[PDB]
Amino acid sequence: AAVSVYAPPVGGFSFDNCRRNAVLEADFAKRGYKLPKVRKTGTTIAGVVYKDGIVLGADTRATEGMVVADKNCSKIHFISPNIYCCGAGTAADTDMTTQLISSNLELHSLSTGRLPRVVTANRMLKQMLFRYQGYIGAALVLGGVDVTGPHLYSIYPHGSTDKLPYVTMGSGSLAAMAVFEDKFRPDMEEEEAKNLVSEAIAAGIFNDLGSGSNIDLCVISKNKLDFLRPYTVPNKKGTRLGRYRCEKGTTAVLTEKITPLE
Amino acid sequence: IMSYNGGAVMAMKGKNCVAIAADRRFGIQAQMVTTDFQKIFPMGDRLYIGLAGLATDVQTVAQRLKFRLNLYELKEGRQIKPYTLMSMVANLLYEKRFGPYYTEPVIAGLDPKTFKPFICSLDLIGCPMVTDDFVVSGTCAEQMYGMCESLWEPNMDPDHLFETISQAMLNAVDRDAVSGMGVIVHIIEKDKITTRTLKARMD
Amino acid sequence: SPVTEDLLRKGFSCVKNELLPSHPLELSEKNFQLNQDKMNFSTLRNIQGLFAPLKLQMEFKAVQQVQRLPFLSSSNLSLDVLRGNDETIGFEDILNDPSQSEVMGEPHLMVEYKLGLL
Amino acid sequence: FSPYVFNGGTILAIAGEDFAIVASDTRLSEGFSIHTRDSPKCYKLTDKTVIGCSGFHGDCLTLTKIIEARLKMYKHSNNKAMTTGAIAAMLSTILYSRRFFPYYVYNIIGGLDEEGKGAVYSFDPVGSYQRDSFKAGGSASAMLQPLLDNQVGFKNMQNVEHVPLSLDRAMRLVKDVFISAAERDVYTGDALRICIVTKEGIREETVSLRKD
Amino acid sequence: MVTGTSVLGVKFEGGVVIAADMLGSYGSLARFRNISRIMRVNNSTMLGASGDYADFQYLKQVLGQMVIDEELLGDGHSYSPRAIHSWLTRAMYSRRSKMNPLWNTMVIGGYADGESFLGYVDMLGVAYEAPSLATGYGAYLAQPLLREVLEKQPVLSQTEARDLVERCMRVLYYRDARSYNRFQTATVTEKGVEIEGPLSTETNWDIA
Amino acid sequence: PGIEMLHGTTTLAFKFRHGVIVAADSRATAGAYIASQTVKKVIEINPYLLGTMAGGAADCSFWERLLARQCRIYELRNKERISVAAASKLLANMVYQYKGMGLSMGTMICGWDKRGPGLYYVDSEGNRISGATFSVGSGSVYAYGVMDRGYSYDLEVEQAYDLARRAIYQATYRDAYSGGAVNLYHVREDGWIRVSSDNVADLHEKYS
Amino acid sequence: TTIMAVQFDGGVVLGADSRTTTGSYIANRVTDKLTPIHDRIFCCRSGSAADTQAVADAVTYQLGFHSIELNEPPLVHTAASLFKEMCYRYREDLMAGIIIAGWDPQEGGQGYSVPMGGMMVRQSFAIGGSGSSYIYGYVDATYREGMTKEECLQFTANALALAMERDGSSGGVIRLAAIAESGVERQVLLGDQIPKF
Amino acid sequence: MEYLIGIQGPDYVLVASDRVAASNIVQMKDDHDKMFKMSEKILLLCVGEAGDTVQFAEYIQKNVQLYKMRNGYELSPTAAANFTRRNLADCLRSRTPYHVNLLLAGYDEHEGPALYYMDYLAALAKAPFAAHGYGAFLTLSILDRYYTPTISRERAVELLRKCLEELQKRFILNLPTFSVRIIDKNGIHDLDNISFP
Amino acid sequence: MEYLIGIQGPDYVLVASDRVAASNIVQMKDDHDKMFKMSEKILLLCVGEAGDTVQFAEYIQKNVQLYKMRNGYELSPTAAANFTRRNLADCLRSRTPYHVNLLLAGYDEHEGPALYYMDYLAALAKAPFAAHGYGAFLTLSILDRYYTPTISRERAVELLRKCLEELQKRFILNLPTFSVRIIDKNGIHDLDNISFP
Amino acid sequence: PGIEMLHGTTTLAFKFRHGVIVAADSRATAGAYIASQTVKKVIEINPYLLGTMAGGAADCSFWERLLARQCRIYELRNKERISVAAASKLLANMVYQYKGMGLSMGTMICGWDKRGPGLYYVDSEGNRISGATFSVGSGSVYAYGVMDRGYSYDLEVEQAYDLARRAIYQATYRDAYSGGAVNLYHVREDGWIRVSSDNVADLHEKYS
């Protein structure tokens, strides 16, 4: 194998790139070259606590700068039979940091024989996020009904937590949460809550640049789990007027190889 | 940082046919040292990968992925489903999330059982996403969505698919200094693989 | 700060930057299990008495020396329920799993280094 | 403090045989919010010359308000009207007058020559004109241009003849290209204004575009 | 470095309504609590401004002087709001180009020749008109409600416009760091300019 | 703002027994996006001289325009044609007037006059070096070697044209900013004459 | 973020304000900036929003373990010592100003302070917070000695409501809570119930 | 700085060099062979930062002899390249900001010759004629102009001589004399040095 | 960079030079006379930053002819030096960060020859043999070793040839050929160029 | 703290048919104040080699001490004298172990062994260049030219001594850090022998 190894390898986050990365970045910053970017999907997320269950929802645009990378990307994940979460910003990190907790809670549920409780998910997420002090940003909206009653949480990318009856996190959120501040009343009904959250997310999607396309809702009522996707289509692409298709022989060719498989 | 070298790759889903194409160039900034430098790797038989970005990490990620794919294939017995490689590369990239690599891979292939075309994509640090119609990534990312969005069409036969993937690259990649001088087209129909080499402006 | 008081076997590692930490999440990731165990030992020693850390750490030592030889993967089925991480799957086993090590050393060298003879 | 800020926009210009077309989306966006949705970016100068000015919307107004004044001065002095061949040089001189404090604009000039002929010029923020035939540009550029390069002037196509652009084709192409390019860009959309100009005057046109 | 909060406004069927908060913030402390932010430059145009306060005083003096001189001359002509808006835009741009900016953001509204006018004069040389407007930090919270209601209905009356402004004050007082319970308002209908204030905002914290 | 134009380019000019030859490319880049393909760089100022282009675009164009105006004024005044050295020194003084503010230009004023040929060089630095073989821009290298290897000062006309075409093509094949078209210019007693224009693809096909 | 405590005979009172924010924008309109550690000791918070939570969780862990180990009700001095030892050891990235108070069977009624830097000391009245510097004169000039529960509650309400209006960080409802010999009772002042000035 | 070129052919991997040293303003030695030898069929050119080049080449050279001496047979040029690249990448990224350029060579017995170009970030191409240093800019076009796909060994020397004459005439530095080595299916042949009076 | 030396004698002010140009990595021209001329008895060597040298030399040279043409007679080397230094100091300190080195010459009719050394901060010495550029370091000791106080014109050329051979052999740059001019009481004599094959 | 010692110095060594000669100065400066006048720099490690000194002082002394210990250990173990190349490579490895932390040293280990003479050079950078003519330190130049002009590889003993004395004197007359005394060292089959020591003033008097 190798002749210059002493200790067995150890897993975890590797770090054998920053020494080269720093000098490369210093070289390329002053020369006006291209710069790396990540899918900072600043998206609106809304959640309300009505009389019986909880309703969630988020927009489905995933940008990577000034260019629309995706037109359909689910912002709602699966954690347990009766717990859902949401992501906001740096979707790459939020996907893994939700899947890990989902698997851990599944193990706990299998070992206990009863449905998990939201506070456990909150505790584990808080512990992990505070362990990784900064350097990983995933604003979440954790909501789910349990044996006690409805619950909601507003985890921040530094470890803070809250128990609001309604919350709106993400890049463009002020419009939706102001709509909430204007229209929300305590102890509403199911269809009214769905209409309210749809209206708030529509205001947020219209009056911002980081959001667009379809919306969806995740009603998680006591004895019925719903996942509607998509729920409403606010914008529809038009139609192409003139045909611009190219026929056979349009493009040239230099060499060609044909290999048959089985 | 994806300007120290060049590269551009597409992927279109037609009618039981998937096409992947790249650009052959390797040069240190303004200078150019070679014209032939493969960026398409034959992982599996009816599957392919399309690494594009900084080359010195492209080689390493390709080697590691090939190693792990051989291990899984030998241990588990039968071939790998196209969806599995998506999570494969996602895990491999997130391995060094803090010390990030520089690759924007594209995966395009067919299901060995269902023969249902599949296309996906990835960002720098691993964020899985699947688009039905097409996807594109590379140094010249901006000047391809406009060329591809209008020219695309659903339910395309292999000939029209080849024509569209040729026209969305040949006159859309020359509008940039780096990442030019040659185009390789890989068309993967149901039964036989076929490779073609276009000709473009030598500048 | 040591002087010399085989370079092919161990080489190509400048003294410049090991006494210069990398991205601040370096000492909190290279040494994590040790730090967590130290914190728990300090807490128990402070609140419960001097017996618990001694007993638990010497239990760790007793159970540690029954694994396979270092040049092969260690199952580590035991010591896990005793540690408390029996079901705490995290960013320690799904990323760069040591079973599929990309680089591997010589058997005799690794075992003789594990014994501390070198 | 920073005496610069972005405001988006997009300018496209087709110079056919006896017709110039200038069109532009209409949305004033800075930071992440939207200020308005009407904000026209196609101002008229003479009976046969239209100016399109993208870029930062603090100098797009000053240059527009200065060019008309200088045009009035020239008309009063020389007792004529500036043709589209002189406005390019005059605007280039004005733009270069502040090379050490550059204007943050991307101007496009379209109009008719002395005889019935299409002509579209193109500048740069420092100021250097260059004649073109289908040049576009602005904030969301690099997407509009390649499709026009494929369509207007047949490039990288073989065994295909050459046909002059007809007026019916021009609007049909421009609408399609804007519709295609509005989705994948952030700063574009809302309302589209077309300022097709011929040898009988200037006629307007407004259509919907990815309603937001 | 005294600072304002928001000088939002909406158009109207024959008239314009402008509201503002009588507050002055010394960074974080609330130093002053009775200063005004609405002007009555002439018989058909009003004014509102945010940001710094000393610059607002200076432009108040200058513009009042200009309008009083024009009225004193005597020709049967006045300053239409469009001219005042253009003058403010030119002054702000000229000050910007000299590296001595006026940290201010104003709203100009009026009703002349049987039509309404409303503009934005941001310090970086930005100018336009819109059916609705907001300033400062209200561009994210105050705007969406007005935009939604205006898109649903493009023409309104006095009652619903006043209630809409009241609701916007309610939400802004709920969720802004710099705000006050009292606020001013002034309509510009063809009768004249009627400055009204102070007002109050009844709130509910029942979800505590 | 953004990068103006023309981060780099190529050109060359050598002199022999039958005058001076000028060749140039056409690709005005903007950092990482190609802005144009047929931008003329061999600037004409009168039917005796041939201004060149390099470095920045707007600065070069403006200073050639001023040089043309001054040359025309001198022509009208003194009734006698101006020598190339006088124009070169004039441009040198004007460009050296401003230094350190970001000027960047490379020009190779050349032509015929009473003393024969002349190919003086001036740039933003301020030196006014003469010579018999020149090449400036990013793509000056990759062409310098070939055009130095082929030059013999006793060539014919067609041989010189072929040498210039080969040099430009080999320079633009290896670089990453030059390319597009190739313009070839000849100078003689009766002023310059345009030789031909060509596309890189055809030259590559015929040189393969 | 104004926090203050006052000690009287037989018990103490404790107030707070719910306007946790993130700069120029309000994060949460109503919160519970008052954590009930164990069953008598209460711990307010200031400074950041995550380090304080982690410190509170660790304190709850250790103090509950200690109390159940000794099979006796805890003493507030133990909580103060634990907070001091936790905060001072990490005096590099743990900016968390804390104030704790509670009642114990022996010498009931205690108000402790532990500002940023790990220093610990006891005082009759403790005040802490970013918007807790505008009422020093009022509290010094008004706080006499020998007051019972009712006037202490009124004094705390007035003193906190004064800074409740002359600051940007503060604003909203008030969260008075009094810990006494018998038990803990809580109430919230909202609307016009808040004294004007 | 320095100069390295290598031209391919039908059955040769001919490489030049530049026997010269470096210092502040002084030339310490005028004949410093940069051509480390790997085996009977493999060369390894290396120009880079001082010290690190002679260390890395020495380490990578006392590792290929081990393979031969432990397995009887000899490596192949492709394996040597794919091993050198891996070592360079792993070591450079580990703890050392290296700056080394390499130019492998070699002639196996199954597919002609093989010449590999490698930058300082550990890339790997298979160009038919590459260059290093600063003279690459002024000489690569000259190499490309006359390079017929097939070149006889006699004409390769003449092409190299012209390519070095142009560099010696149009370069700032004072590269005084060059070394030439050609590899065939007989070992490592040598040719008389190229010296310019 | 460049090279300037001048050796004194009984009745000559012999000076060498370096006919060469400069650029990024390229030599634009291989024969660029740096020797500006003032009068029939005065030379002016000048090496410095590009552009500023040829501008300052031209300005200071179209000013000594004015004195001759306005007063009939001619300046003296001492006056020329004390005027050039003053102009250089006043202009450099005024608004321009110049970098120019100068080496005056001259032969009057009362006190032998005269050679003046001037740095870039406008100093003035009267050394019997000075140097500029980088070759000064490697060649000044050679000039000092063999410099007898009296040197015949025949031996001065040989000493210069040795001093230039050492530089051409031990220097990084590629100074290919040098120019030589000697001033006597007959005008400005010239000698054949020194070129190294 | 303050500057340690020895901002610069001079030394030289050439080889010919009768061994290797080493010369050195003695002035350990401290930036701008002379600290000593008779600091020995030719370091002896055994009666076969002759370590040299340059750059820093303490670092050079410490590393020569370690090299001497290692050489003595090897001598005692293998019963055979160590070649100069082995010692040079050993010192190269030890010095290259630490780089970038501020190390600075120039040493010219030389002596006689089974292969004849040898004058390998190593420094903090890491290169291990050989040669037949060397000079390091600040005053290496001003001596390089003279000692290169005089060297002929066929000299006698007295001629070589005179050449070394002349080179050192001419170097120290023009520099500003070298000077003091001149130490001259000879190497032969039976180990080194000290030749003589001299003062600069006497050499200047006798060379005037």
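Each chain carries a letter (A, B, C, D, E, F, G, H, I and J) given by its place in the written order, and its residues are counted from 1.
Convention: a contact is a pair of C-beta atoms (placed from the backbone, for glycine too) under 8 Å apart; a residue touches a chain by one contact, two chains touch by 3 or more.
Novice: Which neighbours do subunit B and subunit H have in common?
Specialist: Both subunit B and subunit H are touched by A, C, F, going by the contact rule given at the top.
Novice: Angle of the rotation mapping subunit H onto its copy subunit I, from a C-alpha fit, rounded to a multiple of 5 degrees, please.
Specialist: 180
Novice: Give, as an integer number of Å, the spacing between the C-alpha centres of subunit G and subunit E.
Specialist: 42
Novice: At what distance in angstrom does the C-alpha mean of subunit E lie from that of subunit D?
Specialist: Between these chains, centre-to-centre, one finds 34 Å.
Novice: How many angstrom lie between the centres of subunit E and subunit H, each centre taken as the mean Cα position?
Specialist: 74
Novice: Note the residues in subunit A that touch 2 or more other chains, in rising order.
Specialist: As it turns out, subunit A has residues touching two or more other chains at 3, 13-19, 33-34, 67, 71, 133, 135, 174, 206-207, 240, 244, 246, 250-252.
Novice: Send over the residues of subunit H in touch with two or more other chains.
Specialist: 25-26, 94-95, 121, 137-138, 170
Novice: Which residues of subunit E are in contact with two or more other chains?
Specialist: Residues 140, 143, 174-175, 207 of subunit E touch two or more partner chains.
Novice: Would you mind giving me the full set of chain pairs in touch?
Specialist: So the chains that touch one another pair up as A-B, A-C, A-D, A-E, A-F, A-G, A-H, B-C, B-D, B-F, B-H, C-G, C-H, C-J, D-E, D-F, E-G, F-H, F-I, H-I, H-J, I-J.
Novice: Touching residues of subunit J toward subunit H in the complex: what are they?
Specialist: Spelled out, the residues of subunit J in touch with subunit H are 96, 99, 121, 125-131, 134, 140-141, 144.
Novice: Quick one: which bits of subunit E touch subunit A in the complex? Just the residue numbers, please.
Specialist: Interface residues on subunit E, with respect to subunit A: 140-141, 143-145, 147-148, 167, 170-171, 174-175, 206-207.
Novice: For the complex, which residues does subunit D have touching subunit A?
Specialist: Residue positions touching the partner: 29, 32-34, 150-151, 156-160, 169, 172-173, 175-176, 179-180, 183-187, 208-212.
Novice: Taking the touch rule as given, give the residues of subunit F at its contact with subunit D in the complex, in rising order.
Specialist: That would be residues 1-2, 4-5, 28, 30, 33, 35-36, 39, 56-59, 61-62, 101-102 of subunit F.
Novice: So in the complex, which bits of subunit F are touching subunit B?
Specialist: 8, 27, 29, 32-34, 138, 172-180, 200-201, 204
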